Amino acid sequence: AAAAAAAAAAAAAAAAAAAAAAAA
Amino acid sequence: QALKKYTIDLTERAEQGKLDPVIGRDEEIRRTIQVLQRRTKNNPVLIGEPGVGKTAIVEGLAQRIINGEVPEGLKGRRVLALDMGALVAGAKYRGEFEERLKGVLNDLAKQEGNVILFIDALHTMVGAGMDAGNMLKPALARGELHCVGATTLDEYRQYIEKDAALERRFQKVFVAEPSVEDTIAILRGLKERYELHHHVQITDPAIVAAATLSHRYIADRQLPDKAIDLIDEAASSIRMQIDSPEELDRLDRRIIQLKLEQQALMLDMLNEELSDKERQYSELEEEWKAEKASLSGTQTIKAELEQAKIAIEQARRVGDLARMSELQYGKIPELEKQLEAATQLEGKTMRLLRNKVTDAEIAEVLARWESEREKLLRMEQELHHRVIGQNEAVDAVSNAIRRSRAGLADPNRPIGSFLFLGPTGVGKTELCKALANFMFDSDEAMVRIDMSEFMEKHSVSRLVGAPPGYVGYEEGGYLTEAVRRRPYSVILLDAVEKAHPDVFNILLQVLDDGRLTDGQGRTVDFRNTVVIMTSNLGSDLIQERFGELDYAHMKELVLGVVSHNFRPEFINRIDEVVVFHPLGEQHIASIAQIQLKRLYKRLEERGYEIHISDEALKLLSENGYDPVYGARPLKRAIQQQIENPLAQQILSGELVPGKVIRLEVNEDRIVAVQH
Amino acid sequence: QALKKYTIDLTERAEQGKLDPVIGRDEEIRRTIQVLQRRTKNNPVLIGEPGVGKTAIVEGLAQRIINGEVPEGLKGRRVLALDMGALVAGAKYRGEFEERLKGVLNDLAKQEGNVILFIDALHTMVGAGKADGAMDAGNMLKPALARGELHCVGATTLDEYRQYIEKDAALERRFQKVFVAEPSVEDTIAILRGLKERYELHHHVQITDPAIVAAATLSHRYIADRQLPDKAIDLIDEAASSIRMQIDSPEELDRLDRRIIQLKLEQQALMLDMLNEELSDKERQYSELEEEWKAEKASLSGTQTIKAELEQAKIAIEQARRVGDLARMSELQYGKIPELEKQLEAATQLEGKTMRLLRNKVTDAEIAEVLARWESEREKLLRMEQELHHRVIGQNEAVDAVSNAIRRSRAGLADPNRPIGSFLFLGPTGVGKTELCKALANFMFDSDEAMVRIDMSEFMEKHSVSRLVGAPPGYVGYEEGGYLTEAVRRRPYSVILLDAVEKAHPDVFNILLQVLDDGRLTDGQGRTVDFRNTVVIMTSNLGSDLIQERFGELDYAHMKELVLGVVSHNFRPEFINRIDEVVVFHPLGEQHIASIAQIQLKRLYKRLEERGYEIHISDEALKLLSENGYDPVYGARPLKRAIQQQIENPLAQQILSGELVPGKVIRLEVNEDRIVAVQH
Amino acid sequence: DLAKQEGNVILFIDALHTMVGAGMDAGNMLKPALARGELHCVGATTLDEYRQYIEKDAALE
Ligand SMILES: Nc1ncnc2c1ncn2[C@@H]1O[C@H](COP(=O)(O)OP(=O)(O)OP(O)(O)=S)[C@@H](O)[C@H]1O
Ligand SMILES: Nc1ncnc2c1ncn2[C@@H]1O[C@H](COP(=O)(O)OP(=O)(O)OP(O)(O)=S)[C@@H](O)[C@H]1O
Ligand SMILES: Nc1ncnc2c1ncn2[C@@H]1O[C@H](COP(=O)(O)OP(=O)(O)O)[C@@H](O)[C@H]1O
């Protein structure tokens, strides 16, 4: 019999940006 | 053996003849061979939009290797292709993509400088999780790998200018778009393969017509691919129509129904009628079998023709002497001439039917998924199908359209450049709609711009396009999205006189260049569209002086008025300013009649049979009529004074669908009757 | 054989008739076969919606194969279906599920395009088959893409094809966008008519075809997610099981059984009686109804068995059409079909004599019961006119005018290309305008939040169309969508208010004139949304000075005409003439004030009932609230704050003082300028 | 044993995602009896798993 081996499980998250006008 | 797990021996496939005998492109193939025999940076990339057959370019390179047209570094190599999606998709954990990737490199070093690699979706390999480019960095750099790219120019400038090792561990080889004639020769090379597969023949004028219509009525797909799809789907449709039949189904249902009737009746007559219909069905069936046997013989002799061509290519590779002249001079002309005997024989015998796919089948496949010039010959009649009066403007516009599609003037100058005057409401916009309709597609498949509004500098910044880093940016000007999403439409300019005169400069750049640079750095062309400018400056000049005054001198008079108004540079670039006179009271009455026609159409959509007094029509035409505005007050006044009391009486539970409903007059109004 | 392990032969099931007869779609199947016998791009995939007989398209193609309704190249072929979890049944090791898979591939190599497999959800089979030290089906059958042993068919949705299929090159150039269209009402009805008898077999009932078409009607009107024939199938079959439950009822049996066991308890206790006789009567009644119930059950049992016999006769004569027996055709037809139909109808009229407690024909009323568990014009008209008077008080001229406008709207004999609502509502503020919009939502759109409140008071500025509608970005109201057009893209079934049209601009009237003519409206983003399922309402206050002034001793029609002339002074008359009707809201003088203050008093009474209090108001206090609460300029708003102050501050002042006892009639007597609560 | 019971026993297993996987394991083993009709079970879930683990596999629809 064998054992339930542990994993590594690479995960990821993201970013927004932001653009900004000028008035004139 | 990940090569067995992930790669495709294309040399095996073309060695077994599985692949396209790809035609042309020899300069680019040669530059790829130049790149593939360097010492370092031994990797070409292929830059072109997908569907131009960069895959097929590598395929034809592999076929040349099968031929052995290569210099002395490539004789004996094995070209193998690979995806990145086959590697990314198995990434549960850390380090599972990359075991596959390194085992790939172990097989690559294991074959010891003998394998040429192909990888498409290079911009995919940028992002997988560092992830992918850095493990391939040494073998891309140290000559121990011969990667071949395939991607698009946008993805090149988006992805591949980021990692410098991703830049210079590849090399650009530009991939161009194939021409019209080269597509024709390509399909000529591809004709026999298709005719072998779909068991039928192909009209070659229908091939060049398919090329013409593929450029004409398709925007997205391009060559070779779109004509491939057209000819394949049309050949499949014809093969289905041959491999059925309909009259046999009608006769079979007829004979089994009369068989059940005669079985029920057991006066007769039905044994005789059944025997006649069975004889006719047997005749149609035997004709069907004779046609299928004829096409079977034609396809077998066509496949033997292709096998003779493959055999004479094998003789060109191996070098048998009498086999070359024997196979050529015997087998090619006699099999082609009895294939043409089968062609004229099946032109005789296919009745119920054809096998040679015509361009009407191409029209089916195309419009599902040809009287243009001759309709343009009757284009004035088309415009007066819907709009009454203003004959001269219709004539001049048709002159411009004939000059356009005949192509005499400067093609870098736009199609329609027309300033319009006079009082509105008579159907100027209706002329615009029907003009875009019977000219190209539709009434309101156009662009309308309210140039009454725009009077200042910021107004110009609106309709032109805001400069970057400012307010109105990321979806261009008012104009620019409107044309860039509409490659074939009509631009409308209402109240040109209200604008500040600087927008006329933008109009002049339109009329000269046709490409117009916005604030978003991209030029949106106008050369395949029509600009219509409209105004109302000499409205009363025409209203006071239309009576027995001509077209030309009154045009010149109001043209002088415009010269008092507008720029001499601007009126220089005008093709023609038409008059747009007020027509008459009876013609505007007739336009009201056509509004009654579409009204009665909508009543029939509800399902009512409603008629009218013609005196009631005269009272209608005298309700909202004004010379100052046109028929639009007449339109809305008639619409209100009909839709309110009539639907009032309908919701009063008076009108029944299917009665004589005569719109009789009141003393000043209109009542409906029920008879 | 590995083909015998975990593959689902559709041709075998259709040869056994196990698949259901699929009706129609012949253009789709024809164009599918067009895609089938191609040289390149040889694997079709049904792009559609979840639930639309896409599986049934494949199985109907297999039925055309068994019928021989196919071209000769498809003759002799094999339509199979491969299950995933069947292959993942007994295999988790290092290369055993994958060994089974590759053996299936070797059997595909054994047949060489003879078997034409089907596996739907290609994107699922590509981007979800995760395995540890082992592969998927996607990258193991991606060789079979470029090996020609795979003429397989797919099925997906419009979005996931684009996610996980269009991005790959090989998974592009082996595959064809075989779009499948949304079917009609009547074709769905025809499929229902074809498959009605199968359900009548399974569920022991009968089905009304008017109920079929009305079920299709209310399903297409009301049911959102479910599709065709999915919602029709589910309504029919769920109603069938409902009537089956009604078969396995009754209820007066339970009435009499509880009665007899109760009187049995009583008589067993009393061991005067009379209850022996009462028990004997009720037991005889119960036994009679019980035997009647069993007789009806036997009647339906024989009826359903002979119905199933009729369908088995149809199956047998179709087998005779496939095989070709001579006397069997005419024998089965002319004997078995008319006699079983006429004695099935004899049993049907026998039931319709004896169906006292039971039914078997699923009516449209049963479908309405299912749907309520899940007509229009005149009822909507009358109840609309009724519901006008409830929330909004008074304004009976406006009641009748908007009633006329809704009537001419839902008639649809006006311009249908105009939007539903085009309204200018003139009058002062306070006056139920927002309440009228919400009541219009409350009955036309049957809810509260079917509205989008936007005033045009904020849109005197030049950038009205940008923030309102959608623009070239750099703004805020772009990733939000916008103010108006993209909220209609959120809410296509709504009511639009436009307050303060006197605060306008040239890019207000023009956008509104495109609304008035079109309904579809050009945003910045380039995606017009129609407004012809929605109501557009404007309000102003321009001639409302005259409305506040001279509503007394003046009429409604001439006042409306004069204030329409005033709007023609303010606006361009070409703008204001595409509106359906411009109406006038009068100042709400006395009884409207008394009613709405009474509404707020009653909800106050309600919340203090939740506290536990019982309060009565004096009408003199109501008079002082009418004086203190209404102003000629604003109306309900000083009434709200006057109620607030002059009621709730002494009220809660004394309740928190512990002065008032729960359970007393708390009369709101008057002070000199205030209201006193007393305890009596 | 559930096959032996032959419609007599009616199953009810809520939190149906656990039947989708229970540590190959359970979804790939039961999903035959699901997609064969021998199972006569009853599900019960939160709306979250109905969006996530149910509508995604349209093979269970
Ligand atoms: N020189 C050529 N001779 C014949 N056909 C060609 C030639 N170049 C391209 N084509 C056709 O172009 C078609 C496009 O197919 P693909 O090779 O998939 O397209 P592509 O140009 O490789 O871009 P993608 O990314 O693969 S869609 C092929 O099927 C070829 O038949
Ligand atoms: N005839 C009426 N029937 C019922 N409540 C009324 C009537 N006239 C005014 N009201 C109330 O007066 C109060 C004032 O609040 P609002 O509804 O915001 O003002 P008004 O109805 O909306 O007019 P506007 O458009 O807001 S200026 C609300 O409680 C209204 O219900
Ligand atoms: N015209 C029709 N003929 C036969 N079956 C139909 C028809 N319309 C709908 N169906 C049924 O609808 C069900 C759903 O099929 P489908 O739309 O392929 O599922 P999904 O959308 O989940 O892929 C099928 O089982 C099929 O029996």
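Residues numbered from 1 in each chain as written, not as in the entry; some residues may be left out. Chains lettered and ligands numbered in written order. Part of a larger assembly, values for the part shown. Heavy atoms only, no water. Residues with missing side-chain atoms left out of burial classes, pairs and counts.

Novice: Break down the site of ligand 2 for me, citing the residues and quoting the values.
Specialist: Residues and elements named next belong to chain C. Around ligand 2 lies a shell of 13 residues, among which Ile 393, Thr 429, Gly 430, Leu 588 and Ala 636 are the nearest. Contact distances for ligand 2 include 2.3 Å between an oxygen atom and a backbone N or O atom of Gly 432. The side chain of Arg 637 places a nitrogen or oxygen atom 2.3 Å from an oxygen atom of ligand 2. Protein contact buries 87% of the 610 Å² of open area that ligand 2 shows by itself. Those elements that place two or more of their residues in the shell around ligand 2 are α20 (433-443), α26 (591-611) and α28 (636-655). Here the shell around ligand 2 is built from residues that sort into 5 nonpolar, 4 polar and 4 charged. (Near = heavy atom within 4 Å. Polar contact = N/O pair within 3.5 Å; in protein donor to acceptor, adjacent residues only side chain to side chain. Areas by Shrake-Rupley, 256 points an atom, 1.4 Å probe, with all protein chains shown as cover. Helix = DSSP H or I, 4+ residues; strand = E, 2+ residues; numbered from the N terminus. Nonpolar A, V, L, I, M, F, W, Y, C, P; charged D, E, K, R; others polar.)

Novice: Break down a negative patch on the surface for me, with residues and values.
Specialist: Residue and element names in this part refer to chain B. A cluster of acidic side chains, namely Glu 246, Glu 247, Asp 249, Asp 252, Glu 285 and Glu 286, defines a negative patch on the protein surface. If you list the elements that add at least two residues to the negative patch, you get α14 (246-265) and α15 (270-318). The greatest single-element share of the negative patch, amounting to 4 residues, is contributed by α14. Take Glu 286: it is sitting in helix α15. (Patch = residues over 30% accessible without salt bridge, like charges linked within 9 Å, V, L, I, M, F, W, Y side chains within 5 Å. Salt bridge = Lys/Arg side-chain N within 4 Å of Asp/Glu carboxyl O. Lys, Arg positive; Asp, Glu negative; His and termini not counted. Charge placed at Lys NZ, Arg CZ, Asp CG, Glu CD.)

Novice: Now, about the arrangement of the chains: what can you tell me, with residues and values included?
Specialist: The top pair by number of contacts, from a total of 4 pairs of chains in contact, is chains B and C. Of all C-alpha pairs spanning chain A and chain D, none lies closer than 9 Å, and the two are not in contact. Kept free of each other, chain B and chain D leave a smallest C-alpha distance of 16 Å between them. (Contact = heavy atoms within 4.5 Å.)

Novice: Pulling in residues and values, what's your account of the pairing of strand β13 (residues 581-584) of chain C?
Specialist: Regular strands place their side chains on alternate faces of the sheet. All names here are of chain C. The two faces of β13 match: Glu 581 and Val 583 on one face and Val 582 and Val 584 on the other face are all buried. Sheet topology places strand β9 (residues 423-426) next to β13; 4 bridges connect them, and they run parallel. Counterpart to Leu 426 in the pairing with β13 is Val 584. (Buried < 20%, exposed > 50% of the residue type's maximum accessible area, 1.4 Å probe, protein only. Pairing = 2+ DSSP bridges.)

Novice: Explain empty space enclosed by the protein residue by residue, including any values.
Specialist: Left-over empty space is what a probe sized like a water molecule reveals as it rolls over the atoms. Residue and element names in this part refer to chain C. Looking at the largest cavity, its volume works out to about 180 Å³. Forming the walls of the largest cavity are 18 residues, and the residues nearest its centre are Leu 122, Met 125, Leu 145, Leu 150 and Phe 175. When residues of the lining of the largest cavity are traced back to their parent elements, those giving at least two are β2 (43-48), α7 (122-127) and α8 (138-145). (1 Å grid on protein atoms, 1.4 Å probe; cavity = no way out; pocket = protein on both sides within 12 Å on 5 of 7 lines; lining within 4 Å. Points joined across faces, edges and corners; volume = space filled by probe spheres on them.)

Novice: Pulling in residues and values, what's your account of the site of ligand 1?
Specialist: If you check the shell around ligand 1, you find 15 residues, and the closest are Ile 23, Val 52, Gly 53, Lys 54 and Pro 224 of chain B. Near ligand 1, the surrounding residues are drawn from chains B and C. In this structure, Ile 23 of chain B approaches ligand 1 through a main-chain N or O atom, which is 2.3 Å from a nitrogen atom. Between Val 52 of chain B and ligand 1, the recorded distance is 2.8 Å, taken from a backbone N or O atom to an oxygen atom. Computed on the free molecule, ligand 1 has an accessible area of 610 Å², of which 89% lies beneath the protein chains in the complex.

Novice: Kindly report on the nonpolar core, identifying the contributing residues and their values.
Specialist: Core analysis: the biggest nonpolar cluster contains 82 residues, and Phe 425, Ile 537, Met 538, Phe 575 and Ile 647 of chain C have the highest contact counts within it. Sorting elements by how many residues they give to this core places helix α23 (residues 506-517) of chain C first, with 7 residues. Leaving out residues up to four positions away in the same chain, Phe 575 of chain C has contacts with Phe 509, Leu 512, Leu 513, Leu 516 and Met 538 of chain C. Listed in part, the 59 residues of the second largest apolar core include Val 115 of chain B together with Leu 80, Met 140 and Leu 150 of chain C. (Core = buried A, V, L, I, M, F, W, Y, C linked by side-chain atoms within 4.5 Å.)

Novice: Any details on the sheet that holds strand β11 (residues 530-534) of chain B? Residues and values, ideally.
Specialist: Residues and elements named next belong to chain B. Read from one edge of the open sheet, 4 strands run β6-β11-β8-β7, paired in parallel fashion. Of all strands in the sheet, those bounded by a partner on one side alone are β6 (416-420) and β7 (447-450). In this sheet, adjacent strand axes meet at a mean angle of 15 degrees when their direction is disregarded. Sheet topology note: the β7/strand β8 (residues 490-494) ladder contains 4 bridges and is parallel. When the sheet's bridge partners are listed, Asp 450 is paired in β8 with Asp 494. (Axes fitted to C-alpha atoms, helices over the stretch in contact; angles between N-to-C directions.)

Novice: Report on the pattern of salt bridges, specifying residues and quantitative values.
Specialist: In total, this model carries 65 salt bridges over all chains according to the counting rule given. Close ionic contact of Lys 457 of chain B with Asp 502 of chain B constitutes a salt bridge, the shortest N to O distance being 3.5 Å. Placement of the pair is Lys 457 of chain B in helix α22 (residues 457-464) and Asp 502 of chain B in the loop between β8 and α24 (503-512), with a sequence separation of 45 residues. According to the relative accessible area criterion, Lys 457 of chain B is partly exposed, its value standing at 48%. By relative accessible area, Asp 502 of chain B is classed as buried at 14%. Between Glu 61 of chain D and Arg 226 of chain C there is a salt bridge; the shortest N-O distance is 4.0 Å. In this pair, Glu 61 of chain D sits in the segment after α4 (47-52) while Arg 226 of chain C sits in the loop between α12 (209-222) and α13 (230-247), so the two residues belong to two different chains.

Novice: Outline the sheet that holds strand β16 (residues 675-679) of chain C, listing residues and values.
Specialist: Two strands in a sheet stick together by hydrogen bonds in their backbones, pointing the same way (parallel) or opposite ways (antiparallel). Residues and elements named next belong to chain C. Overall, mixed pairing links the 3 strands, which are arranged β14-β15-β16 in an open sheet. Edge positions in the sheet fall to β14 (614-617) and β16, since each has one partner strand and no second. Strand-to-strand twist of the sheet, defined as the mean angle between neighbouring strand axes without regard to direction, takes the value 30 degrees. When strand β15 (residues 665-670) meets β16, the two strands line up antiparallel, connected through 5 bridges. For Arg 667, the partnering residue across the bridge sits in β16 and is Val 678.

Novice: Tell me what's going on with α13 of chain C, and back it up with residues and numbers.
Specialist: Residues and elements named next belong to chain C. Its 18 residues place the ends of α13 25 Å apart at the C-alpha level, agreeing with the 26 Å of an ideal helix rising 1.5 Å per residue. Looking at α13, one finds that the buried residues are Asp 230, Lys 231, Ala 232, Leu 235, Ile 236, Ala 239, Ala 240, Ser 242, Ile 243 and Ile 247. The secondary structure elements touched by the buried residues of α13 are α11 (185-203), β7 (206-207), α12, α15 (275-323), β8 (361-362) and α17 (364-373). (Expected span 1.5 Å × (residues − 1).)

Novice: Any details on the packing of α14 of chain B against α15 of chain B? Residues and values, ideally.
Specialist: Residues and elements named next belong to chain B. Put simply, α14 and α15 touch, their axes get as near as 9 Å, and they point 155 degrees apart. It follows that α14 is roughly antiparallel to α15 by the angle criterion. Crossing of α14 against α15: the hand is left-handed. Every residue of α15 that contacts α14 at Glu 247, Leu 248, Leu 251, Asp 252, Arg 254, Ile 255, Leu 258, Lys 259, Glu 261, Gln 262 and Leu 265 is listed here: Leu 270, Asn 271, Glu 273, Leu 274, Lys 277, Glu 278, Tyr 281, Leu 284, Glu 285 and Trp 288. Looking at the contact of α14 with α15, its residues break down into 10 nonpolar, 2 polar and 9 charged. (Parallel < 35°, antiparallel > 145°, perpendicular 65-115°, else oblique. Left-handed = near helix turned anticlockwise from the far one by under 90°.)

Scope: geometric values only; no functional claims are made or implied.
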